[PDB]
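Just one chain follows, in the form deposited in one PDB entry, and it is written as structure tokens.
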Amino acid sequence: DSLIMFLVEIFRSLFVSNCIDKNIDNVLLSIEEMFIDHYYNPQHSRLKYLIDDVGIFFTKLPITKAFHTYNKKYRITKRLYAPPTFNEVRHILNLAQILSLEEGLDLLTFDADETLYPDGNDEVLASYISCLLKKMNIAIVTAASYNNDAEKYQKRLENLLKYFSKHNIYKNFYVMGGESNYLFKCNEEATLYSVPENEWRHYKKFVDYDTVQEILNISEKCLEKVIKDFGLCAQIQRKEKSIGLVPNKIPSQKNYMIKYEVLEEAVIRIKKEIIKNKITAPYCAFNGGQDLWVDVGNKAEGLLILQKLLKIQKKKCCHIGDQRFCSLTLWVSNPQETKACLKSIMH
């Protein structure tokens, strides 16, 4: 991330010049003003000249207030031998984006790929998530596709729903499967039903069936090449609007393992070949540590569906994931961070 680096180099220079524990507010306010000017002029701001991939700011980032708030609690400027690190500046930018939600947020989305759990939960999470549900809409997005088989989505994340049956009552909880292709809701008794197409068919970006089938054919061709090239013991699974690469199960249980480097290569191979056919339709190929899934859809399309379905402005939506231009983003990497951010959001 060039935005985090950008700040890391600056903090490193203040640290090595021996004034980082002094009053650096003159530098922080000059940085904050560049952020705010980019908020009004995302296309031609000077911040755009420094960071080409800066993206878009839906909020006025209070980075100065975030630095003081982070420094007071963790006291990183008292360090004499290690300047602020990449991971620490990452939490500061999360805090700045959390703090920028002064007007409140009505939509909160969770990337449930790996950030939330390795397998099937956390009660402190479920307790914190439930508190937020009464305040505003929440949503959970999965890259796995089981078509519309609602029972399969429940198996991967059933424990958190058990808390919701108690201490709730409500209808402000949503689950998105296939990245942006299947949207479910919740009734009363430990539920998992699918909203009909009429409620959200128009909001989905229009794509042809043959175009959808074309992407899966291209991805199917690449994975076979990946399987044969790296000699993996794996099987390909094609679905309606998705295709996935899964490892073989050890005969007897537990499944075999694919090296993480090979999965990262296949994602680049698939993404590159899709661009070769000049396909403009939305798509995404996600690596889940042990699985590879290609969906005809992306988090951006699914995020827009929820904003348009629930009539929420983009400034009131927030996303938490391990990995764009349509919602505020918090970068985490473990469930404890997800609960750590959610604890800060409670105010």
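Start at 1 and count along the sequence shown; that's the residue number.
Asks: Zero if continuous, otherwise a range: how many residues of the deposited sequence are missing coordinates between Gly120 and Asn121 (none, 1 to 3, 4 to 9, 10 or more)?
Replies: Per the deposited record, the segment joining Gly120 and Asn121 lacks coordinates for 1 to 3 residues.
Asks: Does the deposited sequence hold unmodelled residues between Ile268 and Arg269, and if so, how many: none, 1 to 3, 4 to 9, or 10 or more?
Replies: Per the deposited record, the segment joining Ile268 and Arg269 has no missing residues.
Asks: Mean C-alpha B factor from the entry: is it higher for 9-17 or for 324-332?
Replies: The recorded data point to 324-332.
Asks: Taking the recorded C-alpha temperature factors, which stretch has the higher mean, 72-80 or 216-224?
Replies: The stretch with the larger average C-alpha B-factor is 72-80.
Asks: Pick out which of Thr211, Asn181, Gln237, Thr115 has the highest C-alpha B-factor in the PDB entry.
Replies: Among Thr211, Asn181, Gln237, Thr115, the PDB entry lists the largest C-alpha B-factor for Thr115.
Asks: Of the options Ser130, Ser242, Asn87, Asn94, which has the highest CA B factor as deposited?
Replies: The record points to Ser130.
Asks: Ranking every modelled residue in this chain by its Cα temperature factor as given in the entry, which third contains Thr109?
Replies: Middle third of the chain for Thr109's C-alpha B-factor.
Asks: Please place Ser100 in the lowest, middle or highest third of its chain according to the CA B-factor in the PDB entry.
Replies: It belongs to the middle third of the chain when residues are ordered by C-alpha B-factor.
Asks: According to the PDB entry, is the CA B factor of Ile275 in the bottom, middle or top third of its chain, that is, lowest, middle or highest?
Replies: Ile275: CA B-factor falls in the lowest third of its chain.
Asks: Taking the entry's C-alpha B-factors for this chain, is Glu188 in the lowest, middle or highest third?
Replies: For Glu188, whose C-alpha B-factor we compare with every modelled residue in the chain, the answer is the highest third.
Asks: Place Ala126 in the lowest, middle or highest third of its chain's C-alpha B-factors, as listed in the PDB entry.
Replies: Answer is highest: the recorded C-alpha B-factor places it there.
The form deposited in another entry exists for this protein as well; it is not shown, and the discussion that follows is about that form.
Asks: Between the rigid parts turning between the shown form and the other one, which of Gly302, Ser145, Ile270, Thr109 is at the hinge point?
Replies: That leaves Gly302 as the hinge residue.
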